[PDB]
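**Student:** return atomic coordinates for the entry below.
(chains A, B, C, D, E, F, G and H)
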Amino acid sequence: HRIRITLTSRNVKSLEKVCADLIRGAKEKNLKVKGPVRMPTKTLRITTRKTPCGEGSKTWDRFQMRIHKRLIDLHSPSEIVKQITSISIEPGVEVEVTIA
Amino acid sequence: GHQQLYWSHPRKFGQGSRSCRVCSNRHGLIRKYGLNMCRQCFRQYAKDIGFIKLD
Amino acid sequence: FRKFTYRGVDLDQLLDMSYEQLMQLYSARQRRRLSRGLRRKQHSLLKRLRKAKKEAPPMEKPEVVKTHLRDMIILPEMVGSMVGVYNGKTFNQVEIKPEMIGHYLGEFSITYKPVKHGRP
Amino acid sequence: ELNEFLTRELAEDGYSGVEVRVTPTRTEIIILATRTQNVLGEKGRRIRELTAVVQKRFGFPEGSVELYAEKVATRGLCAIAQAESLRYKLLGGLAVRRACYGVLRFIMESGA
Amino acid sequence: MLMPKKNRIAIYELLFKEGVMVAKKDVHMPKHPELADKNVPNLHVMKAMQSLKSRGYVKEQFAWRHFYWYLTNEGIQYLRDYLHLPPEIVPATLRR
Amino acid sequence: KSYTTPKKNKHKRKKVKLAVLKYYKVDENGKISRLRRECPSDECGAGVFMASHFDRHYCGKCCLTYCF
RNA sequence: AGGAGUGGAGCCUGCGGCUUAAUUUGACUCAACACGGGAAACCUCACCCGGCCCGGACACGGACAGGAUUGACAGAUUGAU
RNA sequence: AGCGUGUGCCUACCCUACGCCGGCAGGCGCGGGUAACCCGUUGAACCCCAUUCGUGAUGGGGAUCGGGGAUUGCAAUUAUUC
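**Tutor:** Numbers count the residues shown, from 1 in each chain, chains lettered A, B, ... in the order given. Let me share the structure:
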């Protein structure tokens, strides 16, 4: 059973914390764990005017969001990796499970 | 024929088919990534969405 | 004394033909308009408009029928008909000559007045 | 939308913040306030009402949404609760200088 | 109002079984998202409980597009002696 | 606002008093009769009545028009 | 010291003025004038000519199951079944 | 080459490789992508090379205007667009 788990979040430091904890857990559980594949991050750029009406110097904002996505690959049966993945999930980090 | 001529006008497409989902106005809509509001409401509620003006 | 001819066919020849070849007798936009769909969704007004046109006064000046539809393409069957179409304020009562074919009722009712400037 | 929701109801309760935590096939919404006894109402009526309206509004499954109401520590350090306290002080009718001096001094001995 | 008798009592036992009400503010919604089994728009629903507000039995506050009607104890009494129910059936907002 | 144009009014409906006795007619014997025709439609069934006009026959809610 | 220009030519857009039944309106030095995120065929629409419905709650007095009211097809009508 | 974007709640309206037809604007059955996977190695333009032009309101400049054909939409006329 080849299994893929995706660690997609908005904040990056809690993402590094949970990915390091998952890699450490797969290391201590005597399991063949692959390295964390770092996908190219996606920048959310939409610009708008400052003032609500139409007068003033034409000044704009640059609002930004960065979403980071990570990949961890394992070779393990289903129930043990469910038991691993259902431990200590952050509210700002979303995990999703896929099977090949 | 009040029932059949009250709103027989097709608002299938066009600008008035969509509206702001915060304050229901039809000017300056942002449709990108499905926000579906005007610019003022997005600027007022932009912090809880998570958009920061870092750049 | 001159006899009118449209696209090589005569007036009664135009009357006694149908839409299935009349679309190719029309231009590009009018073929697209008549081939778009049935005149039922909004053009039940057009259906009853040709019905009210098919109402026949006797051998005199035919009675004028007026409508708000400015998007009506002149069929060959309604030549020699008296109609006033709404430009927004009044009805411009116009005589349908045997030349109208290929146009709209909005071609023959002006909206803006012709401007005549005075002193700035 | 949930933030503007809970500050529309919980203005008199002294609202401070919201937290959403995700669980498999379960939604957790944590309500931060200061009047943790008035937020429940009598026998938990109003928090059940809020659970029902958020479940019916947001298309949520039946029996998967629950609301936990925990009061916030260090009441003088959250600026939103002091803002609603000043709003309800000025709404009842009182001098604005006395109320602003009172909230300023309360924030000052509160540890800021 | 030109409302049928069935629609008024329909919103009534929907409100009596569960004492909460959510509706998006638009007049051209042909069927309710909850009452799609029968034929009733939202305009009937908002005008009926606006009449219920004016007779003084429910509360109200407004979101972006969503109304929020809440039930009162005298509202429970009014729905009880209007829908003609024995007083042992309770709305789910009180009983846990 | 009163204008130069004359004011139009809605239908003030004419009031009829006890028209149900004009549906059936009673004789001096023991029988019940139907003066007008009954609509044979399924949902527009055996309860409602149907008109008697100078040229046509028309029902109330099912809208089936009959003429000679 | 220079470079690219604008202002002159045709066109797009905006503003003033003129006409119109309406040519909706805010803004007039920097800090109004491809500004209102305003690239308007319908909606937008707030301007003009026309016609429907109440979506006038709640309370009082008439009204009233012997009827408080709603909906509609022969044919004229405006514009429309 | 590089920033990007992509099947949306009431809300239906996405980005597109590939085959045929047609000068072209375009049309039909076919496959992928809910995205570092598919468009895509984004065969972009200015530039580079080789002919034609030769100081002429000229093969510069494309305003104005006539006729015809497709697409979007319930509807284009005061030409939507091509």
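
**Student:** next, count neighbours for residue 40.
**Tutor:** Since no chain was named, I'll use chain A. 7 (other Cβ atoms under 10 Å in any protein chain shown). For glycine as for every other residue, the C-beta is placed from the backbone atoms N, C-alpha and C.

**Student:** right idea, wrong chain: chain D
**Tutor:** Neighbours of residue D:40 using other Cβ under 10 Å come to 15.

**Student:** show me which residues of chain E sit near chain B.
**Tutor:** Contact residues (Cβ under 8 Å from any Cβ of the partner chain) of chain E with chain B: E:28, E:64, E:65.

**Student:** buried ones among those?
**Tutor:** residue E:64 (16 or more other Cβ atoms under 10 Å in any protein chain shown).

**Student:** now do the strands in the chain.
**Tutor:** By default, I'm working from chain A. For chain A, applying DSSP state E gives strands covering A:2-9, A:37-38, A:42-46, A:63-75, A:93-99.

**Student:** meant chain F actually
**Tutor:** According to DSSP E, the strands that chain F contains are F:56-58, F:65-67.

**Student:** just name the most buried of those strands.
**Tutor:** Per residue and on average, the most neighbours among these fall to strand F:56-58, with a mean of 14 (mean count of other Cβ atoms under 10 Å in any protein chain shown).

**Student:** what's the burial count for residue E:83?
**Tutor:** So residue E:83, with other Cβ under 10 Å, has 13 neighbours.

**Student:** do the same with the one 3 residues further on
**Tutor:** The burial metric for residue E:86, expressed as a neighbour count using other Cβ under 10 Å, is 6.

**Student:** re the thing from before, looking at the strands of chain F, which is closest to RNA strand H?
**Tutor:** strand F:65-67 (29.9 Å; Cβ to the nearest atom of the strand).

**Student:** starting at the chain centroid, how far to that closest one?
**Tutor:** 14 Å (Cα atoms, centre = their mean, to the nearest Å).

**Student:** ok, now which ones touch the residue lying closest to residue C:87 once chain neighbours are set aside?
**Tutor:** Nearest residue to residue C:87, sequence neighbours excluded (Cβ to Cβ, 6 or more residues apart in numbering or on different chains): residue C:109, at 4.4 Å. The contact partners of residue C:109, by Cβ atoms under 8 Å, 6 or more residues apart in numbering or on different chains, come to C:70, C:85, C:86, C:87, C:92, C:94.

**Student:** on that earlier part again, any chance of the strands of chain A in JSON lines, plus distance to residue D:59 and mean neighbour count?
**Tutor:** JSON lines is the format used below for the strands of chain A (distance: least, Cβ to Cβ, whole Å; neighbours: other Cβ atoms under 10 Å in any protein chain shown):
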{"stretch": "strand A:2-9", "distance to residue D:59": "23", "mean neighbour count": "16"}
{"stretch": "strand A:37-38", "distance to residue D:59": "35", "mean neighbour count": "10"}
{"stretch": "strand A:42-46", "distance to residue D:59": "25", "mean neighbour count": "12"}
{"stretch": "strand A:63-75", "distance to residue D:59": "25", "mean neighbour count": "17"}
{"stretch": "strand A:93-99", "distance to residue D:59": "19", "mean neighbour count": "14"}
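
**Student:** residue A:65 is in contact with residue A:43, correct?
**Tutor:** Yes. Between residue A:43 and residue A:65 there is a contact under Cβ atoms under 8 Å: 7.4 Å.

**Student:** is the residue of chain E at minimum distance from chain B in a helix, a strand, or coil?
**Tutor:** Per Cβ to the nearest Cβ, residue E:64 is where chain E lies closest to chain B, at 5.3 Å. Secondary structure, DSSP: H, G, I helix; E, B strand; the rest coil: residue E:64 is coil.

**Student:** which ones are touching the closest residue to residue F:45 other than its chain neighbours?
**Tutor:** Spatial nearest neighbour of residue F:45, chain neighbours left out: residue F:39 (7.5 Å); criterion: Cβ to Cβ, 6+ apart. Applying Cβ under 8 Å, 6+ apart to residue F:39 gives the contacts F:45, F:48, F:50, F:59, F:62, F:64.

**Student:** re earlier: which of the contacts of residue C:109 ranks first by neighbour count?
**Tutor:** Neighbour max across these (other Cβ under 10 Å) = residue C:85, 20 neighbours.

**Student:** just to revisit the earlier point, wasn't the residue nearest to residue C:87 part of a helix?
**Tutor:** No. Counting by three-state DSSP, residue C:109 is not part of a helix but coil.

**Student:** and it, how far from chain E?
**Tutor:** According to Cβ to the nearest Cβ, to the nearest Å, residue C:109 stands 34 Å off from chain E.

**Student:** phi, psi for that residue please.
**Tutor:** Per-residue torsions, residue C:109: phi -140, psi 110 (degrees, to the nearest 10).

**Student:** and it, how far from chain B?
**Tutor:** For residue C:109 relative to chain B (Cβ to the nearest Cβ), the value is 23 Å.

**Student:** again with residue D:100
**Tutor:** According to Cβ to the nearest Cβ, residue D:100 and chain B sit 25 Å apart.

**Student:** any idea how many residues pack against that residue?
**Tutor:** Neighbour number of residue D:100 under other Cβ under 10 Å is 13.

**Student:** that one in helix, strand or coil?
**Tutor:** Here residue D:100 is recorded as helix under three-state DSSP.

**Student:** now it: how far from residue D:1?
**Tutor:** 32 Å (Cβ to Cβ, to the nearest Å).

**Student:** taking chain D, what residue is nearest to RNA strand H?
**Tutor:** residue D:59 (8.5 Å).

**Student:** that residue: how many residues sit nearby?
**Tutor:** So residue D:59, with other Cβ under 10 Å, has 7 neighbours.

**Student:** sec struct for it, please.
**Tutor:** Under the three-state scheme (three-state DSSP), the conformation of residue D:59 reads as coil.

**Student:** so who does it touch?
**Tutor:** Contacts of residue D:59 (Cβ under 8 Å, 6+ apart): none.

**Student:** list the residues that contact the residue nearest the centre of chain F.
**Tutor:** Residue closest to the mean C-alpha point of chain F, counted by Cα atoms, centre = their mean, is residue F:51 at 4.2 Å. The contact partners of residue F:51, by Cβ under 8 Å, 6+ apart, come to F:36, F:57, F:58, F:59.

**Student:** roughly how far apart are the third one and residue F:48?
**Tutor:** Taking Cβ to Cβ as the measure, residue F:58 falls 12 Å from residue F:48.

**Student:** what do you get for the second one?
**Tutor:** When distance is defined by Cβ to Cβ, residue F:57 is 13 Å away from residue F:48.

**Student:** what does residue E:51 give?
**Tutor:** Between residue E:51 and residue F:48 the computed distance is 32 Å (Cβ to Cβ).

**Student:** neighbours of the residue in chain D that chain B sits nearest to, how many?
**Tutor:** Residue of chain D nearest chain B, by Cβ to the nearest Cβ: residue D:3 (5.7 Å). For residue D:3, the count of nearby residues is 13 (other Cβ under 10 Å).

**Student:** any residue of the longest helix along chain C up close to RNA strand G?
**Tutor:** Once chain C is assigned using DSSP state H, the helix that runs over the most residues is helix C:44-54. Yes. Helix C:44-54 reaches RNA strand G (Cβ under 7 Å from any atom of the strand) through C:44, C:45, C:48, C:52.

**Student:** let's have the strands of chain F in CSV, adding distance to chain E.
**Tutor:** Formatted as CSV, the strands of chain F follow (distance: least, Cβ to the nearest Cβ, whole Å):
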stretch, distance to chain E
strand F:56-58, 23
strand F:65-67, 26
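
**Student:** of all these, which one is nearest RNA strand G?
**Tutor:** strand F:56-58 (3.7 Å).

**Student:** other SSEs contacting that closest one?
**Tutor:** If you count contacts as 3 or more Cβ pairs under 8 Å, 6 or more residues apart in numbering or on different chains; DSSP states H and E, strand F:56-58 packs onto strand F:65-67.

**Student:** which strands or helices does the strand it packs on pack on?
**Tutor:** strand F:56-58.
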